[PDB]
Structures are given as C-alpha cells and as structure tokens.
Amino acid sequence: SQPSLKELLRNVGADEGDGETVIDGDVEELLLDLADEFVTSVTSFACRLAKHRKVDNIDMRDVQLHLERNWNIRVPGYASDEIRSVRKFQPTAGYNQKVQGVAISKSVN
Amino acid sequence: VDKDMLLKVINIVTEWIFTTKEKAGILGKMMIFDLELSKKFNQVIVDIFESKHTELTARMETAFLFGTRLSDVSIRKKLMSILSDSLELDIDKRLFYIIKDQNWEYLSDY
Amino acid sequence: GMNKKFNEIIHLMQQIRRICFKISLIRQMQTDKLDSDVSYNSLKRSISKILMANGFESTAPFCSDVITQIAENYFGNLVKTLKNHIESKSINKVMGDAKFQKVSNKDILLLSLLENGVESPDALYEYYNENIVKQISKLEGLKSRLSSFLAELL
Amino acid sequence: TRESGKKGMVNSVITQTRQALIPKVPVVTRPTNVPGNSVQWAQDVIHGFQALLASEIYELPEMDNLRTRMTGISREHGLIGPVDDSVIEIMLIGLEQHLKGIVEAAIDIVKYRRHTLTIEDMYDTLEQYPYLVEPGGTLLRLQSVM
Amino acid sequence: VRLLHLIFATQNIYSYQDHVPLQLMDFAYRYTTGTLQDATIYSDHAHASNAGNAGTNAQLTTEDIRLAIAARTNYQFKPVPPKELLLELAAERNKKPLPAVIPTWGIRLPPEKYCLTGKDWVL
Amino acid sequence: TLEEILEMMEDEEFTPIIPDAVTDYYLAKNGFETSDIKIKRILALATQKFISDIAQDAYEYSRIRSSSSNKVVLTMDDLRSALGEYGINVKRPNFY
Amino acid sequence: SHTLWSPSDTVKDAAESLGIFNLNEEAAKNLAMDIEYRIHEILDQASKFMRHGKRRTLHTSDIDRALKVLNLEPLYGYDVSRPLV
Amino acid sequence: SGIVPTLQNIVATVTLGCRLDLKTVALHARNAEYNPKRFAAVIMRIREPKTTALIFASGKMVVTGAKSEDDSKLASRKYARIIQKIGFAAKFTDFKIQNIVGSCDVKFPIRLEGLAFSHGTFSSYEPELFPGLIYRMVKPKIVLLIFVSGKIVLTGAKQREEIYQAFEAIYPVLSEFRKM
Amino acid sequence: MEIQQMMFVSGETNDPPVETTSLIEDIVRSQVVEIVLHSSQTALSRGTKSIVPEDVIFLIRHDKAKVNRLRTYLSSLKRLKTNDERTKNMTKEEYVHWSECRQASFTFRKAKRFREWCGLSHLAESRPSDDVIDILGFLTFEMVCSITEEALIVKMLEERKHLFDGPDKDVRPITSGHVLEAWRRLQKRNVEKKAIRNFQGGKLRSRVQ
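Rules behind the numbers
- Residues numbered from 1 in each chain as written, not as in the entry; some residues may be left out.
- Chains lettered and ligands numbered in written order.
- Part of a larger assembly, values for the part shown.
- Heavy atoms only, no water.
- Residues with missing side-chain atoms left out of burial classes, pairs and counts.
- UniProt positions renumbered as here; feature names shortened; annotations may be inferred.
- Contact = heavy atoms within 4.5 Å.
- Buried area = accessible area lost by both parts, 1.4 Å probe.
- Salt bridge = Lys/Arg side-chain N within 4 Å of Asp/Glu carboxyl O.
- Polar contact = N/O pair within 3.5 Å; in protein donor to acceptor, adjacent residues only side chain to side chain.
- Helix = DSSP H or I, 4+ residues; strand = E, 2+ residues; numbered from the N terminus.
- Nonpolar A, V, L, I, M, F, W, Y, C, P; charged D, E, K, R; others polar.
- Core = buried A, V, L, I, M, F, W, Y, C linked by side-chain atoms within 4.5 Å.
- Buried < 20%, exposed > 50% of the residue type's maximum accessible area, 1.4 Å probe, protein only.
- Pairing = 2+ DSSP bridges.
- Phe/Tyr/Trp six-rings, centres within 6.5 Å; stacked < 30°, edge-to-face > 60°.
- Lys NZ or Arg CZ within 6 Å of the ring centre and 35° of its normal.

Its PDB header names cryo-EM as the technique used to obtain the model and reports a resolution of 20 Å.

This entry carries the title "Structure of SAGA bound to TBP, including Spt8 and DUB". According to the UniProt record, the Subcellular location (unreviewed entry) comment for chain I reads "Nucleus". Under the Sequence similarities (unreviewed entry) heading, UniProt states for chain I: "Belongs to the SPT3 family."

In the annotation of the PDB entry, chain F is listed under the name Transcription initiation factor TFIID subunit 10 and assigned to Komagataella phaffii.

As structure tokens, then:
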C-alpha cells in the first residue's frame with residue numbers, strides 16, 4: 001500500500017491578492033452544494049448516454065461530451081470526440097424545389 | 001557492430017565532453033554496452049567527476065552507480081573514493097546519507 | 001445636437017456618394033409624459049439613422065423590429081444592473097454608520113457599465129473618435145473613387 | 001383513441017416523484033445468455049446513498065468519495081461495470097473550472113478595480129447571471145438562507 | 001394555420017390576435033430542429049466523431065430523441081410541481097419564531113442603512 | 001479618462017442620437033428616476049455603441065458573401081450569423 | 001398517426017429541411033406528441049399572464065413573458081401593426 | 001580596409017514609345033516566352049549583360065538582372081534593337097530605375113538582440129512572421145535585413161548612392177553590437 | 001509535438017515533459033480543426049468548395065489581423081519591447097537558438113505531415129493550398145506563445161555541504177494544471193460583451209484562441 005482540505009483554499013487563494021476572504025456558514029456552503037448538484041446531474045446524464053450506446057457497460061467519454069455540449073466546459077485532454085458533420089442543409093431534390101417555388105411566389109408568382 | 005567503430009564512437013564522445021541531453025543519451029546507451037570496451041568507457045566516467053557538480057548529473061549519477069557494480073578493482077576503488085570524501089567525516093551524517101538521500105537506482109540483484 | 005448632427009452629416013455624405021456610385025455603375029455598364037408606441041417608433045428612427053453601413057431602412061421590416069426589441073432588452077439590462085447594485089442590502093455597499101461608503105456613488109456606475117458590455121470608460125472616447133474617423137475615411141475612399149471615375153469617363 | 005400504445009406512460013405527479021425517489025436495482029434476466037461477466041448488485045446503491053457527500057464537510061470531494069457515489073448512480077440507472085478511475089479526475093477538473101467561473105463573477109461584482117465577500121453579493125450575481133447554475137434544488141435553498 | 005385555431009379551441013381562448021400562430025409555429029420549428037440535431041449527434045456517438053475514423057449513417061430511433069429532449073428539460077420547461085422540496089425547505093424556514101413585539105401603532109421600518117431614502121441619485 | 005466624460009455630456013457638444021425623452025421613458029420603465037442628465041445620456045451612449053457593433057458585424061458578414069475583391073439588403077442570413085456570433089440565439093424561421 | 005400536427009409532412013418538412021432522410025415514422029409520431037404538449041404548456045402559462053391583465057384577447061406579450069419564465073429563449077420580431085397575409 | 005556594398009540587382013523600366021505587336025515579335029525572336037491564358041507580354045533575354053526583359057504591348061518594358069546602372073542602360077539599349085530592326089518605332093526613352101538591391105558582409109557576428117531592443121523604433125523580429133531580424137531607415141527610405149553572420153541586405157533604393165549612404169550610416173551601429 | 005516544445009521554448013520557458021506537450025498538441029489540433037470547420041461551412045454557404053484566405057482572416061476578425069497580414073506579405077508594445085531588451089545577450093549561442101524556433105514552424109516545409117496529422121478527411125472533393133498551411137502555422141505559433149504567457153503568469157501569481165549529485169541545473173515550472181487554468185482564462189467566455197444577455201437561462205457556444 002502507500003505511506004499515508006487544501007483544495008478549496010487553493011481554489012480561492014489563487015483567484016485574488018487583495019484578501020477577499022469568503023465566509024463559511026453563508027457562502028462556502030452554497031458552493032459545496034452547487035458542486036454536489038453538478039456531479040449528480042452530470043454522472044446521471046452520462047450513464048444514460050452510455051446505456052444509449054446499446055452496450056451495458058461502463059461510462060467513459062460520455063462525460064466529456066455531456067460537458068462540451070450542455071454546459072460550456074471543454075476539456076482539452078483525454079477523449080477526442082467532435083461532430084465530424086457540417087450538417088448540410090439540402091437532402092435530395094424536392095426541398096430546394098419548394099425553396100425556388102416559394103421564391104418565385106415571393107418575387108412574381 | 002565491431003569494437004573499432006565503437007572505439008571511434010567512444011573517442012568521438014570523448015572529444016564532445018571537452019546538446020547536453022544529447023550527450024546523456026549517448027553515454028546512457030554506452031552503459032548498455034557493458035553487457036574491454038567498457039574498461040575504456042568507465043575510464044571516461046571517472047575523469048568526468050574529476051574535472052567538474054554544476055554539470056547536469058542526469059547521465060552521471062546513474063552511471064556512477066553502475067560503475068561500482070561492474071567488478072573491476074582499479075575503478076571501483078577510484079569511484080567509491082570520490083563519493084566517500086564528499087560526505088562529512090562523522091558516522092551520523094554518513095548514516096543519514098545512505099537512506100534519507102542518495103536514492104538507490106538498482107532494483108536488481110546487487 | 002452635435003452627435004445627431006455628425007451622424008446626419010454621415011447620412012448626407014452617404015446619400016450623395018452612394019447616389020454617385022450608382023449612377024457611375026449605370027454609366028460604366030452603359031457601354032413630458034410619453035407612451036409606448038411613440039417610444040418604439042422613435043427608437044426605430046434612431047436605429048435606422050445609425051445604419052450608415054447598409055442603407056437607412058434599406059432592409060426587411062422584421063429586422064427592424066428585431067433590432068428595436070434587442071436594444072430595448074439591452075437598455076433594460078443596464079438599468080436592472082445599476083438599481084440592483086444601489087439596493088444591495090449588503091455590507092460591501094450600504095452607507096456605513098460613520099458615513100463610510102466602501103465604494104462611493106461613482107464606482108457603482110463604472111461597475112454596472114463593466115458588468116454589461118463596455119469594459120472601461122475610455123472605450124467610449126475611442127468609439128467616438130472611431131465614428132468621426134469612419135466619416136472621413138469612407139468620405140475619402142468614395143471621393144477618390146469619384147475622382148478616378150471622373151477621370152475614367154473621359 | 002388514446003395514444004401511447006404501450007404498457008403505459010403515466011402523466012401524474014406523485015408517482016413520478018416516488019419512482020424518482022426510491023433507489024432502483026438493475027437486476028437482470030437470463031433467457032439464453034446475458035453477458036457482462038460481473039453479476040449486478042444493489043449493495044452498491046446503498047453504499048452510494050450513505051457517503052458523507054459535500055456541504056457537510058468543508059472541502060470539494062477527493063476521488064474516492066466521488067467514485068463511491070458514482071457506482072451507486074450507475075447501478076441505480078441500469079448500467080453495470082466499474083467506473084475506471086479516469087472519469088473522476090476529468091469530473092473534478094470540470095468542477096473546479098465551474099467554481100472558479102462563479103467566484104470570478106462575484107469578484108467582478110464587489111470591487112471595480114481590502115474587501116471581504118458576503119452571501120448577498122453571490123445572490124446578486126446569481127440574479128444577473130443565472131445561466132451559470134441549473135435551476136432547482138439550490139436556488140430555492142438559496143432564497144431560504146438569507 | 002387553421003389547425004392551430006383548432007388547437008386553440010381546446011382551451012376556450014377564441015380571442016387571438018393572429019400573430020400567435022406564426023410565432024408558436026416558428027417556435028416549434030426552432031425547438032424540433034435543435035432536438036433532432038443533437039439526437040443525430042448521439043446517433044453518431046453510438047456509431048463508433050473524430051478527424052476521420054468511420055462513416056455517418058442515420059437511423060434516429062426514439063431513444064436518441066428522448067436523450068436530446070431530456071437534456072433540454074434539464075434546464076428548461078417548468079417541471080412537475082416540486083412539492084416535497086418546497087415542503088421541507090419551508091419547514092426549515094418555518095422554524096424560528098416570530099419577533100413577538102409591539103411597534104405601537106405605526107409602521108416599523110428597517111433601520112436606515114437598510115432603507116433606501118429615495119433621493120435624487122447624484123455623484 | 002473618466003471625469004472628462006461627465007465634463008462633456010452636459011453641454012450640447014455631445015448629445016446622443018437617442019433622444020432624452022425616449023431614454024427617460026426607458027429609465028422609468030425599468031425603474032430609475034434622477035434629476036441628473038449625464039447618466040441618462042451615458043446609457044444612451046453605451047447602447048448606441050453596442051448597436052454600432054452589431055452594425056459592423058453585419059457590414060463585414062455581408063461583405064464576405066460574394067465578390068470579395070438592386071442595392072444592399074441586411075437579410076436574415078446576415079442577421080442569423082451576427083446575432084448568433086453574439087449570445088443572441090438561433091433564428092430558424094420557416095414557411096408552410 | 002397518434003394526434004394532431006400530422007407528422008407525415010410537418011415533422012417531415014422539419015427533418016428534410018435539416019438535411020436528413022432516415023426518420024422512422026413512429027419517431028415523428030412521438031415528436032408530434034412532444035411539440036403538441038409543449039404548445040399546451042406555453043399556452044397555459046400565457047393564459048396565467050392573460051387573466052392577471054384581466055383581459056381576454058391574448059396578445060404576444062403574454063407568450064413572450066411565458067417564454068421568459070420557462071427559462072427558454074425569447075422570440076423577437078413580431079409587431080402588432082403591419083398585419084398578416 | 002574597405003567594406004562596401006555590391007549591387008545585386010537593378011530592376012529598371014523603360015518605354016519604347018510605340019505600340020508593339022507582341023505575337024509577331026515573339027515569333028521572330030523565337031526564343032521568347034510568349035504564352036496564352038496568362039501574362040500578356042513577351043519575356044526576352046540576353047547572354048550578357050545577362051538580363052531578363054518583360055516587354056509589354058503598351059510600348060513599355062521592364063528589364064531585370066543588371067548589377068549596375070550602366071549595364072542596365074546598356075541592356076535597355078540592346079532590347080530596343082531586337083524590336084526596332086523588326087521595323088518598329090522602338091524609341092528608347094524615359095529610362096527609370098524601379099529598385100536597387102545590394103548586399104554587404106561586415107565579417108563579424110552581430111548581437112542583433114541588443115540592436116533590436118535598443119533600436120526597436122526601426123528594428124523588428126517576429127519569429128512566426130519572418131526569419132531573421134530587420135531595420136527600416138527613414139532617410140533614406142531603405143529596408144536593411146541584418147543577419148547574425150554579419151551579412152546584410154539593403155533594399156528599396158531607387159538610386160545607387162543611397163545604398164552606400166544607408167550602409168555608411170548603419171555600420172557604426174553594427175560595430176557597437178559586434179559579438180566577440 | 002517537438003515543434004510545439006521548440007515553440008514553447010521560443011515564447012519564454014524551458015523543460016516541458018511529454019505530458020504538457022502532448023496536451024498542447026491536442027489543444028492546437030482542436031483549435032485548428034474548429035477553424036477549418038467554420039471556414040469551410042461559410043464558403044459552402046457562399047457556394048464554393050475551395051478554402052480561401054479572405055474567410056479565415058475575417059474568421060479571426062480582431063486585432064488578430066495586423067500580425068497575420070504581415071506574415072502573408074512577407075511570404076502594450078513597450079512591454080514586448082522591454083522584455084526583449086532584458087533578453088539581449090550572447091554565448092553558448094544565445095541569440096542563435098531564438099532563430100531556430102522562428103524557422104522550424106510546420107509551414108517551413110513539412111507542410112505535408114502538418115496537413116495529414118490534423119484533420120484531412122473533411123472536404124474530400126477539394127483540397128486546400130499551401131498558403132493556408134503557412135497561415136495555420138502562424139496561428140498555431142501565436143496560440144502556443146499566448147498559452148505559455150498565461151501559464152507563466154499564473155505560475156508567478158501563485159508565488160550544509162552539497163552532496164554533488166543534485167546538479168543544480170533542473171527546474172519544474174510548467175504542467176497540466178497551469179495550462180488548464182490558462183486555457184480557462186483565455187476562454188474568457190466572450191469579451192462578455194457577447195454574453196450581455198444577462199438575465200435569462202440556458203447557454204452554449206464554441207470559441208477559439
């Protein structure tokens with residue numbers, strides 16, 4: 001085996017240099033609760049999105065996508081999943097036919 | 001390859017010490033050549049410690065500890081005499097030195 | 001109304017130089033208590049007087065309504081910021097018993113500007129000089145085009 | 001007719017709540033073979049709901065707590081297999097990024113250019129910028145601590 | 001659309017202004033575009049994208065749509081009445097006593113420095 | 001600096017395009033009264049600048065559309081792009 | 001089909017305007033289901049704002065606010081004047 | 001003791017005031033690159049003074065390659081023959097110099113870092129934008145490229161004397177930052 | 001990312017392990033693929049498959065333009081002057097190493113592998129030119145220089161007889177957390193003038209640099 005608190009205090013001592021020392025009982029509790037809610041929601045949506053993969057297995061790389069998608073948190077790290085699609089705006093003939101039809105209805109007839 | 005090409009490479013490496021990381025990888029792979037020419041090779045690693053400290057000891061301290069192991073009496077007497085003067089003459093500070101400092105590289109049989 | 005007057009001078013120069021641009025193309029190719037609706041439409045007037053870029057109300061009307069509503073939202077967001085800071089009910093704000101306002105009445109204003117859009121004050125000085133320089137820049141660009149076309153037609 | 005030609009899609013409230021409150025259990029069938037090579041358990045869900053989660057303690061959770069809580073949620077949603085020790089770290093990363101954003105916002109509120117911050121400033125900035133936090137749970141709790 | 005008037009008829013609201021149907025139809029178009037867009041992303045996700053690893057072929061079953069909608073309602077769309085949360089939260093508020101005092105026939109204001117003193121704002 | 005900026009708003013040399021009456025109405029709507037004139041002109045000015053910024057976004061995004069090196073119209077594609085590049089949300093109109 | 005808002009053309013118009021081809025029918029049925037429910041949802045909220053203005057002829061401000069309260073994006077560009085065709 | 005700039009290339013433009021049937025003169029000249037779909041002008045040439053010449057139908061021509069104002073002028077006269085003997089009003093006239101580039105070697109490495117960040121008013125080093133370190137003189141209008149080896153390139157002079165002038169003024173500066 | 005490690009040295013600092021360099025490699029690759037996605041989409045919306053420079057300079061559309069223009073033509077300021085003036089020095093080829101990083105960018109020649117390592121399956125019917133390859137070299141170099149600046153800034157903001165085996169020539173400045181904080185900082189969201197829709201709900205947007 002291995003030979004066996006300074007995370008928030010480091011999260012805040014590195015933000016500013018003019019004091020700005022927060023208070024517990026009022027402010028700190030808020031932040032801890034927010035963090036808890038964040039983790040619960042994220043892992044829930046991740047596990048659902050893993051079950052979506054039609055394989056009843058572990059959850060990896062779904063968190064990175066869920067973060068990049070719903071929140072605006074990108075992580076430049078481990079997974080590399082992007083859209084790969086321009087998401088073109090014209091299937092086969094018939095839609096642009098409707099486009100030009102309503103276009104001529106607009107201009108003349 | 002033949003020993004003459006290795007001796008010419010060792011002579012070319014001897015002129016280099018008189019990048020630094022590039023000299024480390026050449027001296028590091030020459031420690032793998034210990035498995036004669038190593039007696040010429042570990043001759044160089046003695047005088048490197050005799051010239052200079054402020055030099056990068058990355059190639060030095062892992063080859064110094066394979067220098068006492070190689071079973072040739074004239075350089076193991078030479079190398080271990082350098083290390084045994086750098087410490088204090090007390091037996092306290094030589095006892096803390098072997099466990100608290102000077103990490104032992106070799107997991108191996110030695 | 002010097003800001004109104006200079007935007008109007010931009011408007012006049014735009015009218016005349018774009019007219020000249022178009023005829024030059026033609027010759028080349030020849031070869032108080034107030035209410036809601038008045039406020040809305042006044043803002044639309046002012047908006048379409050901003051638009052030196054395209055042409056003054058030279059776009060579809062949906063876009064004019066869009067722009068009106070957007071700028072309304074922005075102005076409201078300004079004031080919702082300043083009044084929020086002013087109520088504050090927090091020790092950082094709030095007149096101290098010994099009349100010690102940790103942040104006086106002006107930092108409020110500077111700060112509410114900062115929260116919404118504008119970063120610093122002098123960016124406004126900057127945008128102002130930028131405007132009046134845009135006037136002479138586009139002026140001289142299309143004036144050089146005018147002189148070169150007066151040379152070309154000969 | 002009445003649509004949702006299924007075993008059902010209830011639209012009530014209380015059963016949504018209850019069914020969204022009790023822990024579930026991913027118990028499996030075995031008609032011919034249901035692979036996975038690791039039997040499903042709900043000891044994990046009880047262990048997950050029993051953790052000393054955040055907001056009792058004063059610090060953001062270190063890996064182990066978060067891992068114990070996740071296994072619970074994954075089994076409780078209907079997955080199987082153990083979380084693989086890289087998920088926790090990326091999650092911590094996103095978390096601390098989130099909170100640095102929030103507190104940067106509050107600092108941008110209080111001082112323009114020796115101060116000390118309160119609850120009201122954070123309520124102010126969560127009135128201005130509510131797109132940061134997802135509604136539910138905490139904002140209601142925030143308007144019951146003032 | 002006449003069917004939108006038909007749907008208005010369900011709630012006894014026959015007093016529209018004729019901009020509402022345009023607006024709500026525009027809305028539903030926007031909404032479903034976003035929905036079946038991110039559902040297509042998830043259909044790609046099951047198809048194991050990156051800078052060239054495989055193709056992109058569309059099926060778009062109902063599960064993907066369910067995923068793409070649950071994410072939206074994660075931060076939108078006023079949910080079921082969260083009664084229990086409110087009950088416990090309000091019991092936490094409904095815990096500490098009233099002041100039990102007598103201002104003696106007037107109004108009792110907050111102390112100045114919490115009152116506003118709505119003077120002409122000035123620098 | 002800053003103090004010049006409220007040295008200047010008072011006199012007629014700098015009077016925002018947004019008339020005083022309209023801004024007074026919009027101050028009042030969102031709930032603010034004060035017998036100063038500077039501040040109202042100032043919020044006028046900032047709004048003028050913000051709309052100018054979307055103006056230039058529209059101008060350039062129109063200038064890209066064809067022939068880089070029947071007059072100009074700021075249509076729904078130009079607007080869709082600039083409003084999008086902001087935080088203003090998606091404009092997906094339709095027909096039928 | 002299931003309900004109003006025939007997904008054979010409406011949802012088809014939507015998806016084929018996006019640039020897909022493969023939307024199974026039952027999926028578009030369920031999609032019609034969802035968007036119709038969202039309609040009833042927003043409609044009741046704007047009714048709640050209607051009968052505080054103590055009027056009947058629901059205007060656009062009602063639904064605009066009813067969006068603003070659902071944490072949902074607004075919708076600009078719909079003026080009462082200049083009527084419809 | 002002398003270190004002086006050499007002329008590496010003079011780009012001159014002179015006009016044979018008369019219309020020129022480029023197809024024709026390309027034909028006769030035969031070894032003149034004349035080609036469709038691109039650049040409408042005939043590219044002539046000569047073994048010595050080894051210069052290239054872009055002849056334009058607008059009666060104007062741009063001769064390049066000469067290492068001296070006199071050679072250019074000479075090559076400028078040669079060309080108004082090959083397109084004169086072919087019955088033409090090849091009137092050599094208004095000869096002008098468009099640019100003169102030089103080069104020099106001081107033979108001592110230079111401490112460019114020190115030059116640049118004490119002469120940042122004129123000197124320039126962005127690694128992604130370009131290799132090496134530059135210098136822009138205001139009087140005379142010359143752009144000098146200075147390299148560590150001590151080799152410098154003087155560009156943009158419209159007249160010979162400005163190259164010597166530019167180097168005569170920057171030499172003491174380079175001696176100050178001579179790396180030893 | 002040997003070029004990135006050289007580019008990281010060119011900015012200011014030395015000695016990244018393989019971790020930070022592979023991470024930065026992922027960063028730059030992601031930024032660049034996003035740029036080309038947007039530019040290709042915009043061109044095809046204009047109705048052309050060929051990737052061009054006019055879109056891409058306007059894709060940056062910011063003070064990001066003056067420097068990029070200079071790089072093409074060849075093919076605040078007091079601080080960047082003062083730091084360089086402090087650098088002025090020589091020996092063990094002091095100024096010599098500075099030049100290496102400048103002319104070892106991907107655009108120098110190795111355009112092929114730089115094109116291939118990034119995404120290239122996009123736009124299979126066309127293929128861009130080498131001018132944009134040089135452009136991307138400029139953008140990647142500037143991105144690496146900026147990231148390094150912010151990492152150093154946060155690092156600084158955080159604030160017996162020798163046993164002769166410690167060489168006293170080894171330092172450990174830069175790692176994952178520093179770069180992560182810096183890349184959070186640079187994603188300053190928008191100037192915040194692009195997120196002024198202050199009171200609402202919901203959000204999503206991509207970003208560069």
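After presenting the structure, the write-up continues.
Colleague: Is there a simple way to explain the interface of chain F and chain C in this structure?
Modeller: How big an interface is tends to be expressed through the accessible area that disappears when the partners come together. Between chain F and chain C, the residue contacts involve 44 residues of the former and 49 residues of the latter. Of the roughly 4,500 Å² buried between chain F and chain C on both sides combined, carbon and sulfur atoms contribute 73%. It is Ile17, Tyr26 and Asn30 of chain F in chain F that bury the most area against chain C; as a group they hold 15% of the surface buried on that side. Linking chain F with chain C are zero salt bridges, by the criterion used here. Here chain F is connected to chain C by twelve residue pairs in polar contact. Top element by residues in the side of chain F that touches chain C is helix 3 (residues 38–63) of chain F. It accounts for twelve residues. Of the residues in the side of chain F that touches chain C, the class split is 27 nonpolar, ten polar and seven charged.

Colleague: Sorry if this is basic, but what is going on with the interface of chain A and chain D here?
Modeller: Listed as interface residues are 45 residues of chain A and, on the opposing side, 51 residues of chain D. Between chain A and chain D, roughly 4,500 Å² of surface is buried when both sides are summed, and carbon and sulfur atoms account for 66% of that area. Taken together, the connections running from chain A to chain D amount to two salt bridges. Salt-bridge contacts for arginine 69 of chain D lead to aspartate 36 of chain A; the nearest nitrogen and oxygen are separated by 2.6 Å. Linking chain A with chain D are nine residue pairs in polar contact, by the criterion used here. If one sorts the elements of the side of chain A that touches chain D by residue count, helix 2 (residues 28–51) of chain A sits on top with 21 residues.

Colleague: What should I look at first to understand the nonpolar core in this one?
Modeller: The nonpolar side chains of a soluble globular protein tend to be buried with one another. Ranked by size, the top nonpolar core spans 44 residues in total, and within it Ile70 and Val79 of chain C, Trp121 of chain E together with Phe50 and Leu83 of chain F carry the most contacts. Elements represented by at least two residues in this core include exactly helix 2 (36–50), helix 3 (61–87) and helix 4 (105–115) of chain C together with helix 1 (3–8), helix 2 (20–29), helix 3 and helix 4 (76–85) of chain F. If we ignore the near neighbours within four places in the chain, the residues touching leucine 83 of chain F are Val66 and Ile70 of chain C together with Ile54, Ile88 and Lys91 of chain F.

Colleague: How do you make sense of the pairing of strand 5 (residues 96–105) of chain H when you look at a structure like this?
Modeller: In summary, the side chains of a regular strand alternate between the two faces of the sheet. Residue and element names in this part refer to chain H. Examined bridge by bridge, strand 1 (residues 6–15) and strand 5 share seven bridges and lie antiparallel to one another. Each residue of the ladder has a partner; that of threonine 13, found in strand 5, is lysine 96. Two elements, strand 5 and strand 9 (residues 151–157), share five bridges in a ladder whose sense is antiparallel. What sits directly across from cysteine 104, in strand 9, is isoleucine 152.

Colleague: Looking at this structure, I do not really get the pattern of salt bridges. What am I missing?
Modeller: Any two side chains of opposite charge can pair if their charged atoms end up close together. Applying the stated criterion to the full structure yields 29 salt bridges over all chains. Among the salt bridges present, the one from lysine 106 of chain C reaches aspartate 107 of chain C, with a minimum N-O distance of 3.0 Å. Where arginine 141 of chain D meets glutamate 92 of chain E, a salt bridge forms, and the shortest distance between an N and an O atom there is 3.7 Å. Here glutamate 92 of chain E lies in helix 4 (residues 83–93) and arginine 141 of chain D lies in helix 6 (residues 138–142), a pairing that spans two chains. Classification of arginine 141 of chain D as partly exposed rests on a relative accessible area of 39%.

Colleague: I tried to follow the packing of aromatic side chains on my own but got confused; where do I start?
Modeller: Following the criterion strictly, the structure yields 28 aromatic pairs over all chains and no others. An aromatic cluster is defined as three or more aromatic residues linked by ring pairs; in this entry it consists of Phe117, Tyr125 and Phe130 of chain H together with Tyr95 and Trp98 of chain I. One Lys or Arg, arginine 109 of chain I, reaches over the ring of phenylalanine 108 of chain I and ends 3.9 Å from the middle of that ring.

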